[PDB]
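One structure below.
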4 protein chains.
Amino acid sequence: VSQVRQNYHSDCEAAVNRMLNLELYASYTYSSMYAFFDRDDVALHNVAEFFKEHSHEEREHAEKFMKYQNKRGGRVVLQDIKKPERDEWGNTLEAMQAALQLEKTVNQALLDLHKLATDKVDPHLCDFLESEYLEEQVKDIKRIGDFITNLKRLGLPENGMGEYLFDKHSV
Amino acid sequence: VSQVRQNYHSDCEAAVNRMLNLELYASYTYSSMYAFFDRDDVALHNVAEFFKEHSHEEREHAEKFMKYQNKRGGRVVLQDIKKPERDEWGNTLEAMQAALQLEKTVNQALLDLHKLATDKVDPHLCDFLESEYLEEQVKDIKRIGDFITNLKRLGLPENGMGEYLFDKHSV
Amino acid sequence: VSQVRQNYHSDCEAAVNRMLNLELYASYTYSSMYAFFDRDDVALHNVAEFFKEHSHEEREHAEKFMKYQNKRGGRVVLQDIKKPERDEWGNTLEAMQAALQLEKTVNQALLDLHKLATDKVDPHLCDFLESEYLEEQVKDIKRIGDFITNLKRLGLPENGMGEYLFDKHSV
Amino acid sequence: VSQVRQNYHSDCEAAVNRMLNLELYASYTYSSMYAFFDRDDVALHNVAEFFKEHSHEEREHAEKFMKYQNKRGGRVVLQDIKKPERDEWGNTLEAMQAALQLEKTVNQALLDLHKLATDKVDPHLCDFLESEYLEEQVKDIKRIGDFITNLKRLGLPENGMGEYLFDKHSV
Ligand SMILES: [Cl-]
Ligand SMILES: [Cl-]
Ligand SMILES: [Cl-]
Ligand SMILES: [Cl-]
Ligand SMILES: [Cl-]
Ligand SMILES: [Cl-]
Ligand SMILES: [Cl-]
Ligand SMILES: [Cl-]
Ligand SMILES: [Cl-]
Ligand SMILES: [Cl-]
Ligand SMILES: [Cl-]
Ligand SMILES: [Cl-]
Ligand SMILES: [Cl-]
Ligand SMILES: [Cl-]
Ligand SMILES: [Cl-]
Ligand SMILES: [Cl-]
Ligand SMILES: [Cl-]
Ligand SMILES: [Cl-]
Ligand SMILES: [Cl-]
Ligand SMILES: [Cl-]
Ligand SMILES: [Fe+2]
Ligand SMILES: [Fe+2]
Ligand SMILES: [Fe+2]
Ligand SMILES: [Fe+2]
Ligand SMILES: [Fe+2]
Ligand SMILES: [Fe+2]
Ligand SMILES: [Fe+2]
Ligand SMILES: [Fe+2]
Ligand SMILES: [Fe+2]
Ligand SMILES: [Fe+2]
Ligand SMILES: [Fe+2]
Ligand SMILES: [Fe+2]
Ligand SMILES: [Fe+2]
Ligand SMILES: [Fe+2]
Ligand SMILES: [Fe+2]
Ligand SMILES: [Fe+2]
Ligand SMILES: [Mg+2]
Ligand SMILES: [Mg+2]
Ligand SMILES: [Mg+2]
Ligand SMILES: [Mg+2]
Ligand SMILES: [Mg+2]
Ligand SMILES: [Mg+2]
Ligand SMILES: [Mg+2]
Ligand SMILES: [Mg+2]
Ligand SMILES: [Mg+2]
Ligand SMILES: [Mg+2]
Ligand SMILES: [Mg+2]
Ligand SMILES: [Mg+2]
Ligand SMILES: [Mg+2]
Ligand SMILES: [Mg+2]
Ligand SMILES: [Mg+2]
Ligand SMILES: [Mg+2]
Ligand SMILES: [Mg+2]
Ligand SMILES: [Mg+2]
Ligand SMILES: [Mg+2]
Ligand SMILES: [Mg+2]
Ligand SMILES: [Mg+2]
Ligand SMILES: [Mg+2]
Ligand SMILES: [Mg+2]
């Protein structure tokens with residue numbers, strides 16, 4: 001019943017709230033990876049900063065959905081932000097593989113939201129996803145995949161020297 | 001039969017002309033609101049300037065459709081620009097409510113044009129609407145809705161002090 | 001068993017993790033208040049930005065605890081970030097009263113952590129709380145209290161004009 | 001009997017002199033590490049400079065205690081500065097492990113001095129230690145621990161290439 005609401009389906013409004021939660025979940029997972037690589041017994045500070053940066057960008061992705069919801073006359077509904085799946089992340093390769101999986105999970109949710117927006121004939125929402133989310137996902141997935149290839153090339157997980165070199169030359 | 005024409009349906013060409021007319025109609029309505037708020041017995045000059053600005057932007061929306069028509073090899077066909085629905089606009093709240101309705105009418109026509117472009121499999125026209133029109137509409141509808149909420153908060157139409165304060169602090 | 005760990009009690013390590021969670025909880029509550037005041041039917045954008053800023057600062061408070069934990073050789077353990085207590089915040093006065101209560105809750109947890117640090121004879125942790133947290137809390141509590149006094153002075157919740165004026169002149 | 005003396009216990013005065021000596025001892029140990037890494041048969045010049053810098057900072061820590069003693073009306077009493085425990089330091093890993101142990105020894109003495117100051121109800125001395133010494137210690141201990149983790153990762157002591165890489169990329 002919002003005075004601004006036009007062509008905005010209840011299903012899309014709800015899916016936007018769920019997507020917001022997933023962005024926050026991703027932010028929290030990256031913050032966990034940051035803290036892990038900052039441990040004195042891990043100590044890969046450029047890797048830590050990479051994940052800290054990713055955490056910040058996910059928070060921005062979430063805020064943009066909040067703003068979107070209000071612009072369309074939907075109502076932001078928040079849920080708990082679940083803690084990350086792991087408390088420790090093994091090493092740079094394990095963490096990067098988890099990040100790849102996470103970005104693909106986020107991407108799948110965005111693609112699913114686009115399918116819903118398409119089904120409900122909401123071109124504004126489709127454009128929003130295409131212009132603000134989908135290409136960012138493809139770029140990040142590619143960058144993380146490239147990193148994984150290099151970490152394998154460097155002999156991870158066994159090759160500690162390789163891991164050191166990655167932190168010094170790749171991030 | 002234009003040498004440049006490719007994948008441009010006659011129905012879309014005609015609908016673009018009708019949309020151009022509606023943009024001009026919106027421009028003219030906003031110019032009327034400008035003149036009303038500039039009256040010596042109304043005298044809300046920041047509100048007047050707000051509507052003058054909106055009138056100018058609608059004229060730009062119209063010109064962009066003219067350019068689009070020619071780019072696709074369609075032919076601009078003009079019709080009369082109908083005078084606005086009212087000669088006087090009551091007060092800032094009444095005018096803002098009319099502006100909201102007008103922007104939603106324009107938005108509906110743009111969404112309908114997008115449906116037609118989709119039906120005729122014209123991705124260039126769909127992209128044009130999404131990239132140049134649809135988000136501008138959502139932004140303006142949100143801004144005007146926010147204004148209406150504040151005008152009600154300020155006690156319009158009865159509260160003259162509230163109306164004065166809005167002109168001095170909101171526009 | 002961290003090589004860096006010295007004079008850092010397990011109880012303090014655990015309490016630092018709980019404090020980190022509370023900072024994140026506060027951040028999330030402020031983000032909810034931001035989204036509420038950005039609603040088209042609320043539309044107090046300076047109030048919204050005030051709460052957005054507070055949300056960002058709470059996230060920084062959390063990150064500083066993460067860094068602290070690692071510096072002392074403790075281990076960051078994350079838990080779910082609970083959703084805020086309310087989905088809607090009434091008006092500027094209600095939200096400010098909730099913010100005051102929240103800041104006092106955060107302050108009490110910091111004071112309790114200081115008591116624990118004192119009990120465990122950890123002057124580094126005591127200094128950290130005193131130099132980085134306790135004065136920030138006193139300042140914010142005072143600012144929010146001052147706001148509440150002014151909102152009451154302005155006739156909240158009934159006086160919509162008062163609420164408008166606060167958003168334009170106080171934040 | 002100094003005219004400036006107020007709330008300064010004889011025990012604290014004596015403990016400040018002992019602490020001054022320990023700072024000088026640490027400076028001398030770091031100067032030894034500098035000279036070792038500057039040897040033509042060791043030749044890790046960035047590691048050498050790291051330890052030279054640490055030596056200079058310990059001398060500054062000592063001078064600040066001298067100034068403190070006089071400010072409180074205590075009297076500086078100097079003792080011999082004992083030569084370092086070793087004449088040669090093995091390699092970067094061995095030296096870093098010795099540095100970690102040294103910084104923890106210095107930290108323990110500072111914490112013990114804080115306990116004494118607390119017992120004698122000397123908040124000025126407590127504040128001095130907290131504001132000028134304790135956080136510097138935590139920072140340096142963390143940095144050295146991080147280095148040790150990386151040196152182990154790089155295969156020290158056996159991996160000469162790892163040792164070379166550390167000197168070129170970590171210090
Ligand atoms: Cl709708
Ligand atoms: Cl529609
Ligand atoms: Cl929902
Ligand atoms: Cl785990
Ligand atoms: Cl995942
Ligand atoms: Cl054609
Ligand atoms: Cl075609
Ligand atoms: Cl036509
Ligand atoms: Cl009329
Ligand atoms: Cl209309
Ligand atoms: Cl300990
Ligand atoms: Cl101790
Ligand atoms: Cl814990
Ligand atoms: Cl609620
Ligand atoms: Cl609370
Ligand atoms: Cl005395
Ligand atoms: Cl005294
Ligand atoms: Cl002495
Ligand atoms: Cl020796
Ligand atoms: Cl030692
Ligand atoms: Fe990312
Ligand atoms: Fe994201
Ligand atoms: Fe992401
Ligand atoms: Fe990215
Ligand atoms: Fe407009
Ligand atoms: Fe328009
Ligand atoms: Fe418009
Ligand atoms: Fe506009
Ligand atoms: Fe705050
Ligand atoms: Fe906080
Ligand atoms: Fe706070
Ligand atoms: Fe603050
Ligand atoms: Fe040092
Ligand atoms: Fe020192
Ligand atoms: Fe030191
Ligand atoms: Fe240092
Ligand atoms: Mg619904
Ligand atoms: Mg979910
Ligand atoms: Mg759970
Ligand atoms: Mg389609
Ligand atoms: Mg597009
Ligand atoms: Mg793009
Ligand atoms: Mg690349
Ligand atoms: Mg035709
Ligand atoms: Mg028409
Ligand atoms: Mg007529
Ligand atoms: Mg766009
Ligand atoms: Mg706005
Ligand atoms: Mg424990
Ligand atoms: Mg808690
Ligand atoms: Mg719950
Ligand atoms: Mg104290
Ligand atoms: Mg302070
Ligand atoms: Mg003040
Ligand atoms: Mg004496
Ligand atoms: Mg001694
Ligand atoms: Mg001797
Ligand atoms: Mg300090
Ligand atoms: Mg560091």
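Ligands are numbered from 1 in the order shown, residues from 1 within each chain, and chains are lettered A, B, ... in the order they appear in the structure tokens.
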
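For ligand 28, the neighbouring protein, DNA and RNA residues, which are those within 7 Å when only C-alpha atoms and all ligand atoms are counted, are residues 54, 57, 136, 139 and 140 of chain B.
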
Take the residues from that selection and put them in a file with C-alpha atoms, as an mmCIF file, in the first residue's frame.
```cif
data_model
loop_
_atom_site.group_PDB
_atom_site.id
_atom_site.type_symbol
_atom_site.label_atom_id
_atom_site.label_comp_id
_atom_site.auth_asym_id
_atom_site.auth_seq_id
_atom_site.Cartn_x
_atom_site.Cartn_y
_atom_site.Cartn_z
ATOM 1 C CA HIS B 54 10.936 19.172 -13.540
ATOM 2 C CA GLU B 57 13.730 17.587 -17.509
ATOM 3 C CA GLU B 136 14.847 8.116 -13.380
ATOM 4 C CA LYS B 139 13.964 8.013 -8.272
ATOM 5 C CA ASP B 140 11.514 10.839 -8.948
#
```

Backbone DSSP call of alpha helix (DSSP H) for chain C, listed as an MDAnalysis selection string: chainID C and resid 10:37 45:72 92:119 123:129 135:153 160:169

Counting only C-alpha atoms, which residues of chain A fall within 12 Å of chain C, and what is the closest atom pair for each with its distance in Å at one decimal, ordered by chain and rising number, as a Markdown table?
```
| residue | atom | partner | partner_atom | distance |
| --- | --- | --- | --- | --- |
| A:1 | CA | C:41 | CA | 10.4 |
| A:2 | CA | C:41 | CA | 7.4 |
| A:3 | CA | C:40 | CA | 7.9 |
| A:4 | CA | C:40 | CA | 7.3 |
| A:5 | CA | C:40 | CA | 9.8 |
| A:21 | CA | C:83 | CA | 10.4 |
| A:24 | CA | C:81 | CA | 10.0 |
| A:25 | CA | C:80 | CA | 9.6 |
| A:27 | CA | C:59 | CA | 11.5 |
| A:28 | CA | C:78 | CA | 9.0 |
| A:29 | CA | C:78 | CA | 9.7 |
| A:30 | CA | C:78 | CA | 12.0 |
| A:31 | CA | C:63 | CA | 8.6 |
| A:32 | CA | C:78 | CA | 7.7 |
| A:33 | CA | C:76 | CA | 10.5 |
| A:34 | CA | C:66 | CA | 9.3 |
| A:35 | CA | C:66 | CA | 6.5 |
| A:36 | CA | C:76 | CA | 7.9 |
| A:37 | CA | C:70 | CA | 9.8 |
| A:38 | CA | C:70 | CA | 6.7 |
| A:39 | CA | C:70 | CA | 5.4 |
| A:40 | CA | C:70 | CA | 6.8 |
| A:41 | CA | C:2 | CA | 7.4 |
| A:42 | CA | C:70 | CA | 10.5 |
| A:43 | CA | C:70 | CA | 10.1 |
| A:45 | CA | C:67 | CA | 11.9 |
| A:48 | CA | C:67 | CA | 11.3 |
| A:52 | CA | C:63 | CA | 9.7 |
| A:55 | CA | C:63 | CA | 11.2 |
| A:56 | CA | C:59 | CA | 10.1 |
| A:59 | CA | C:56 | CA | 10.1 |
| A:60 | CA | C:56 | CA | 11.0 |
| A:62 | CA | C:31 | CA | 10.4 |
| A:63 | CA | C:31 | CA | 8.6 |
| A:64 | CA | C:35 | CA | 10.8 |
| A:65 | CA | C:35 | CA | 10.3 |
| A:66 | CA | C:35 | CA | 6.5 |
| A:67 | CA | C:35 | CA | 7.4 |
| A:68 | CA | C:35 | CA | 10.3 |
| A:69 | CA | C:39 | CA | 8.9 |
| A:70 | CA | C:39 | CA | 5.4 |
| A:71 | CA | C:40 | CA | 7.6 |
| A:72 | CA | C:40 | CA | 9.2 |
| A:73 | CA | C:40 | CA | 6.8 |
| A:74 | CA | C:39 | CA | 8.6 |
| A:75 | CA | C:39 | CA | 7.7 |
| A:76 | CA | C:35 | CA | 6.9 |
| A:77 | CA | C:87 | CA | 6.5 |
| A:78 | CA | C:83 | CA | 6.1 |
| A:79 | CA | C:83 | CA | 5.2 |
| A:80 | CA | C:83 | CA | 4.6 |
| A:81 | CA | C:81 | CA | 5.0 |
| A:82 | CA | C:80 | CA | 4.6 |
| A:83 | CA | C:80 | CA | 4.6 |
| A:84 | CA | C:78 | CA | 7.7 |
| A:85 | CA | C:78 | CA | 10.2 |
| A:86 | CA | C:78 | CA | 9.5 |
| A:87 | CA | C:77 | CA | 6.5 |
| A:88 | CA | C:77 | CA | 9.2 |
```

Environment of ligand 30 within 6 Å, counting only C-alpha atoms and all ligand atoms, reported as a VMD selection string: chain C and resid 23 58 61

Site check for ligand 10: residues at most 7 Å away, only C-alpha atoms and all ligand atoms, as number ranges by chain: B: 98, 101-102, 105

Straight-line distance linking atom CA of residue C:171 with atom CA of residue C:156, stated in Å to one decimal: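 That distance, rounded to one decimal, is 15.9 Å.
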
Within-10 Å residues of ligand 12, basis only C-alpha atoms and all ligand atoms, as a list in words: residues 6, 7, 8, 120, 121, 122 and 123 of chain C; 107, 108, 109, 110, 111, 112, 113, 114 and 115 of chain D

Go ahead and save the residues from that selection, with N, CA, C and O atoms, as a PDB file, in the first residue's frame.
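Final output, result.pdb:
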```
ATOM      1  N   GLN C   6      50.605 -13.631  26.345  1.00  0.00           N
ATOM      2  CA  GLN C   6      51.224 -13.302  27.619  1.00  0.00           C
ATOM      3  C   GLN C   6      50.235 -12.508  28.455  1.00  0.00           C
ATOM      4  O   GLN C   6      49.739 -11.460  28.023  1.00  0.00           O
ATOM      5  N   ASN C   7      49.943 -13.026  29.648  1.00  0.00           N
ATOM      6  CA  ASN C   7      49.032 -12.395  30.604  1.00  0.00           C
ATOM      7  C   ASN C   7      47.618 -12.178  30.052  1.00  0.00           C
ATOM      8  O   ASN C   7      46.970 -11.170  30.343  1.00  0.00           O
ATOM      9  N   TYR C   8      47.150 -13.128  29.252  1.00  0.00           N
ATOM     10  CA  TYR C   8      45.829 -13.027  28.635  1.00  0.00           C
ATOM     11  C   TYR C   8      44.973 -14.200  29.070  1.00  0.00           C
ATOM     12  O   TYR C   8      45.167 -15.331  28.625  1.00  0.00           O
ATOM     13  N   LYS C 120      41.470 -10.069  36.492  1.00  0.00           N
ATOM     14  CA  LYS C 120      42.527 -10.929  35.962  1.00  0.00           C
ATOM     15  C   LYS C 120      43.876 -10.220  35.842  1.00  0.00           C
ATOM     16  O   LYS C 120      44.837 -10.798  35.334  1.00  0.00           O
ATOM     17  N   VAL C 121      43.945  -8.984  36.336  1.00  0.00           N
ATOM     18  CA  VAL C 121      45.174  -8.176  36.346  1.00  0.00           C
ATOM     19  C   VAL C 121      45.763  -8.063  34.936  1.00  0.00           C
ATOM     20  O   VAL C 121      46.909  -8.448  34.665  1.00  0.00           O
ATOM     21  N   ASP C 122      44.934  -7.535  34.038  1.00  0.00           N
ATOM     22  CA  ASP C 122      45.313  -7.325  32.641  1.00  0.00           C
ATOM     23  C   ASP C 122      45.272  -5.831  32.324  1.00  0.00           C
ATOM     24  O   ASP C 122      44.261  -5.313  31.835  1.00  0.00           O
ATOM     25  N   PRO C 123      46.374  -5.116  32.606  1.00  0.00           N
ATOM     26  CA  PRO C 123      46.355  -3.669  32.395  1.00  0.00           C
ATOM     27  C   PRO C 123      46.305  -3.261  30.920  1.00  0.00           C
ATOM     28  O   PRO C 123      45.790  -2.189  30.589  1.00  0.00           O
TER      29      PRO C 123
ATOM     30  N   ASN D 107      58.361  -7.255  28.456  1.00  0.00           N
ATOM     31  CA  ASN D 107      56.945  -7.124  28.773  1.00  0.00           C
ATOM     32  C   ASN D 107      56.615  -7.595  30.191  1.00  0.00           C
ATOM     33  O   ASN D 107      55.868  -6.929  30.910  1.00  0.00           O
ATOM     34  N   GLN D 108      57.186  -8.727  30.602  1.00  0.00           N
ATOM     35  CA  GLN D 108      56.925  -9.233  31.947  1.00  0.00           C
ATOM     36  C   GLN D 108      57.416  -8.264  33.008  1.00  0.00           C
ATOM     37  O   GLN D 108      56.730  -8.038  34.008  1.00  0.00           O
ATOM     38  N   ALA D 109      58.591  -7.680  32.790  1.00  0.00           N
ATOM     39  CA  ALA D 109      59.117  -6.691  33.725  1.00  0.00           C
ATOM     40  C   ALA D 109      58.221  -5.454  33.799  1.00  0.00           C
ATOM     41  O   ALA D 109      58.011  -4.908  34.877  1.00  0.00           O
ATOM     42  N   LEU D 110      57.677  -5.028  32.664  1.00  0.00           N
ATOM     43  CA  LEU D 110      56.754  -3.886  32.647  1.00  0.00           C
ATOM     44  C   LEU D 110      55.452  -4.202  33.387  1.00  0.00           C
ATOM     45  O   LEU D 110      54.944  -3.373  34.151  1.00  0.00           O
ATOM     46  N   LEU D 111      54.922  -5.403  33.165  1.00  0.00           N
ATOM     47  CA  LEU D 111      53.726  -5.857  33.875  1.00  0.00           C
ATOM     48  C   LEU D 111      53.965  -5.963  35.381  1.00  0.00           C
ATOM     49  O   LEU D 111      53.099  -5.592  36.181  1.00  0.00           O
ATOM     50  N   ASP D 112      55.151  -6.439  35.759  1.00  0.00           N
ATOM     51  CA  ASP D 112      55.523  -6.520  37.172  1.00  0.00           C
ATOM     52  C   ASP D 112      55.630  -5.120  37.783  1.00  0.00           C
ATOM     53  O   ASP D 112      55.180  -4.892  38.915  1.00  0.00           O
ATOM     54  N   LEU D 113      56.194  -4.177  37.028  1.00  0.00           N
ATOM     55  CA  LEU D 113      56.283  -2.793  37.483  1.00  0.00           C
ATOM     56  C   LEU D 113      54.889  -2.187  37.654  1.00  0.00           C
ATOM     57  O   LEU D 113      54.651  -1.435  38.605  1.00  0.00           O
ATOM     58  N   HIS D 114      53.971  -2.531  36.751  1.00  0.00           N
ATOM     59  CA  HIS D 114      52.589  -2.070  36.859  1.00  0.00           C
ATOM     60  C   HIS D 114      51.905  -2.632  38.110  1.00  0.00           C
ATOM     61  O   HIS D 114      51.182  -1.905  38.794  1.00  0.00           O
ATOM     62  N   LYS D 115      52.149  -3.909  38.418  1.00  0.00           N
ATOM     63  CA  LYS D 115      51.660  -4.510  39.663  1.00  0.00           C
ATOM     64  C   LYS D 115      52.172  -3.757  40.890  1.00  0.00           C
ATOM     65  O   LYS D 115      51.419  -3.509  41.837  1.00  0.00           O
TER      66      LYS D 115
END
```
